[PDB]
Every structure is written in C-alpha cells, then in structure tokens.
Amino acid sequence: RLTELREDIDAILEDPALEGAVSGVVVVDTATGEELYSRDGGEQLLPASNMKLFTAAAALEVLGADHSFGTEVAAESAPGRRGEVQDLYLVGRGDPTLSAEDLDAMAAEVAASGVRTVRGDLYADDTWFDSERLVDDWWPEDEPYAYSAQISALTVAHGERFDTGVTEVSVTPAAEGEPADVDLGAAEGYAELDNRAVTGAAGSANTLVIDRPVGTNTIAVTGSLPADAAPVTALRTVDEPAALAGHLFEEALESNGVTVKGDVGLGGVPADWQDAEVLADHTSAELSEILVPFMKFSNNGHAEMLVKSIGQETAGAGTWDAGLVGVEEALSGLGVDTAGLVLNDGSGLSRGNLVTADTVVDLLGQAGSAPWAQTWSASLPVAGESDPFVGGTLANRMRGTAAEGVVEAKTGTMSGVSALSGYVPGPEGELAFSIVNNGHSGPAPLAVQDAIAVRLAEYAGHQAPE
C-alpha cells in the first residue's frame, strides 16, 4: 500500500505552480521511525515562519511551560503625607501580552498606594533587553506592518491576538470633497499625523494608502475614500514601542487620579537607588497559554521577544546574539542534530535563516516525546477549524477533506518562500511531515501543500466529514 502513497506525492509535486521551485518533502512514521517519503530532504532552504517551530521548542526547554513575565512601577521611596513622589518608572521585563487594560490596572495601584502627584518625570525602562529593534537583514520597506514591529522589553500589545508595538489607524469618509477623518488609535498624541486623504463622490474608487515613512514617527495617509465606503482600519507600527507604553501610562495615571507634571521618555532605574519602592506590578499568563496566540496566528514579535528572554535566562543578556545560541543549545539538549541549521532570528522574517526538511522532522519527533509535548501540540493550528483560536492560519484550508480537524501544522509565507510542517495522527500510525518550498514565481503553492497533507491523512486512515 506504500508505493501508491509515493506515486501520488510525486504526481502532486508535478504542479505548474512549482515551476522552478526547490521543494523539500519528508514524511516519517513517528511510531516505527520509518521514512515513508523523502525528496531533497537535506537541501538548505528558507523556512519563513516554520522557524517558530524551533523557537517554540527552545522556549519550552529553557524557560519552561510554567514561565510568566513581569512589569512594575518604581519610585525612589514611598509617597508621603502630601502624597508626592519625584520621578516614576514603568519597568518592563519581556511580557509579550501587556494590554492597555493592564496599564490601567497598574495605575489604580499607584493611586491605591497613596500617590496623587508625580512631581518629576515618568520614564519607560526597557533595559532588560538591548535596544536593537530590528534584525540586520530585515527590509526597510516592510517596517510599517505589524509583522515587522520593533522589539522591546516594554511594549503595548493590541487586541485578543496581542499584536505588539503597533497602533490601530481608522479612516472614516466625510462628505464628497472634504478631507477624510484619520484616527491614530493608541498613538494619538504620540505619533505625528500627515493626513492628505480626501473623500470622493459616492461609489467612486478607493485609492487610499496608509504609511509610516522610513525612519519617521509619522502616519502618512494619501488618496480618496468614497463617501459611501465602510470605514477602513489598519495596524501600523510605531517608532520606539516603550515610549508609547510610557505615553499610554501617564494617560492611565491621569485617569486614575494621579497628576503627572514632568515630561515622558526612556530611561532605566538610576542604580544609585538603594531601596526602590515598588508601587505596582503585573504578571502575565504562563508560557503554555502565551503559546496559543503566538503559534496559531504566527506572531513575529512574540518569537523575537522569546529569543531575547532565552538570552537573559541562559546568559544574563537580552540579545539576539546570545538567545540564538540559547535556541541552538536547547535544540541540541533535546536530541536534534543542528548541522543543517542557520539561525538568524526567531520568527522566520529574516532571509538569513536556513533549515533542511530533515531537521524539521527531527524536531517533530523530538518534541513529540518531550515532557511538554501536549502544550506544544495544542498551540499548532488545526486544519479546517472555523474558530480562529483553534484553526489559526489554517482555519480556511482543507475544510471538508480527510485532513479537517486532524492535521496540526505550522505555516509561513513570504515572496518566493512557503512551508507547511506538522503532524498527522491516525490509526495507521502517527505521521510527521515537512513541506518547504523555495523559488516559485506565482502565488505560494498552498494547494500543493494542502493536497499532500490530505493524502497523508487518508493514508493514516481518515475520510472527509460529510
């Protein structure tokens, strides 16, 4: 029954969508160790977001499924009878899921502890990680978009998916000929606005562009929005995430009765402070939780922030240089042969990352029997699942196929690079697969990937739901 499987994968990979593409395709039975299929299994290829497989596993080895993350507020000593302090410090230690509501709960504490006036300045301290915001080889033109957000120890995360280092922009039409109305979202009062957008007659054509020009903190909107259009929203990144955390904090403080009168900016706790009074603090959910929004939606910031967290754990240094050696070490300690690997970031954004399909599958079986196997597999998207927090980036793929509800896999797509790698649990054995595509001209070969994953589910003894 095994040559039929091979013949079919061989035919599927004949698709014209794979014209001039190197493809790495490996299938292995996790029970026996048997190699069911293998083509260019040792070719070194760009991973895109499949690299999070490696990061996620290392964060569980190094940090533990139990790990949470802290933020706090500090002044030189407690407030007194007048209710005054001098300077104040918001201090972040790598929480990738700090909401504006968390900032507000910490402002209430600062007030509930006797403060009524910050007489000096408010500072945002993100010194737990270094201030290298972007990887060397990320592309400048990409910097406005949430996947390319800058990297800090203190960052405010937006929405239920926890997109870090961004603000939501909204553009609402006026009457034909009047300017459009632009909201900066959270970055209101922080980011500059260059609004050049206009409202066009009803039913005309939407030509709206939302930008942050390279090396500014300006949201520039150009174009027309039709008078009858639905209002448009976009997530855009800001410069210096921690500075916006600070801005949002003084608003929170001001809202909870505390009256900040100095300015706002970056800076670390002075160190000529002996017994800093901590006036408020927050703790995130445990890393097993945080792994869900991270892995289902392929959050890049989470991945980088977990890398610099790993570098603090192994080496006292919140750095890529250090945390990437941390990831490589954790992978080794796990049983994975890392010869094929080049590690240049944790998210997969960087085109200086290299894996082989054999390596992915090694990790898959290694992470299969690890103590944390179930928390690791519960975070991988499941094929065909409607609910965004079960289906993730696979919710709209493979519905009504043998693979629906069954296949757990990580995705990842850029220009010229696409991958799908994960598990196929069945009666005919627990399978492990990795499809890595490099060099194609059209759209990503998502259908070729779905097609193989479905054949594998059929192989493992599955049928389409009807």
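The first residue of the shown sequence is 1; numbering continues from there.
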| property | result |
| --- | --- |
| Stretch exceeding the other in mean C-alpha B-factor - 388-396, 83-91 | 83-91 |
| 261-269 versus 98-106 - which carries the larger mean C-alpha B factor in the record | 261-269 |
| Selection by C-alpha B-factor (highest) of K308, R212, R116, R161 | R116 |
| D345 by Cα B-factor - lowest, middle or highest third of the modelled chain | lowest |
| Cα B factor band for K410 (lowest, middle or highest third within the chain) | lowest |
| Third assignment of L253 from its chain's C-alpha B-factors | highest |
| Third of chain Cα B-factors occupied by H67 | middle |
| Modelled-residue ranking by C-alpha temperature factor, third containing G416 | lowest |
